[PDB]
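Data first, discussion second: the structure below is written as structure tokens.
Read-outs throughout are calculated quantities, based only on the coordinates presented, and are distinct from any laboratory measurement. Every residue, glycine as well, gets a Cβ built from its backbone with ideal geometry; the counts of neighbours run over all protein chains shown.
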There are 2 protein chains.
Amino acid sequence: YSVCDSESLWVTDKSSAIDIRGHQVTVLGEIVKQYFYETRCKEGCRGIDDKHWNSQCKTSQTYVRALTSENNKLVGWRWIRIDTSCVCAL
Amino acid sequence: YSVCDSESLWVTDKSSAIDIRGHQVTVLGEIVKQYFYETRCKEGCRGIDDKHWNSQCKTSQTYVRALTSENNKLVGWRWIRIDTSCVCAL
């Protein structure tokens, strides 16, 4: 049993994302096709104390390299962030 | 405050990994260099009930594409799994 519920899925339609520098970049479609595996919360936490403990489930993210571009041109690998898990916050 | 403690880091020395098919593949060094961002548990869970609730923190994984090869030759993109977060189990 988990404290938070999640759902994982294969994302084939991503075309924009925020990179490590906070910029909005275009995520290319091919590299072989470029798709991503993400897992986000579904939606207190299960098994929590609640008495002197408040909790909510939050979906965390992480960095993965993606072949992206900016104002088009400048195509290359950059670190973009995607949903990767669902964790509890007290 | 989180229920489980973790540590994230940049991995530059990965050279082997298990892919989605359960095989052991060689992870190449270059593609630009190929490195990974992972986050694993540090090390019950914080804020848990413990009374009629047992919990341990476990590090979860996820799939990311990596330029890998097998018995060498056959170089290409495959889905390999890496540590991505630390979640509580009841």
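If you take just the strands (runs of 3 or more DSSP E) that sit entirely in the stretch B:13-90, which of them hold at least 2 residues that are crowded, with 18+ Cβ neighbours inside 10 Å, at the interface with chain A (Cβ under 7 Å from one of its Cβ atoms) and not acidic (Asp, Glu)?
Details: elements: B:16-18, B:24-27, B:36-41, B:56-70, B:72-89.
Here the list reads B:36-41, B:56-70, B:72-89.
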Out of (1) closer than 17 Å to residue B:63 by Cα; (2) buried (at least 16 other Cβ atoms within 10 Å of the Cβ); (3) among the aromatic types (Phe, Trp, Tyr), the odd one out for residue A:10 is which? (2)
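This table checks each residue for (1) touching a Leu at 6+ places or on another chain (Cβ under 7 Å); (2) not hydroxyl-bearing (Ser, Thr, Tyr).
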position: B:33; (1), (2): no, yes
position: B:37; (1), (2): no, no
position: B:40; (1), (2): no, yes
position: B:45; (1), (2): no, yes
position: B:56; (1), (2): no, yes
position: B:77; (1), (2): yes, yes
position: B:81; (1), (2): no, yes
position: B:84; (1), (2): no, no
position: B:89; (1), (2): no, yes
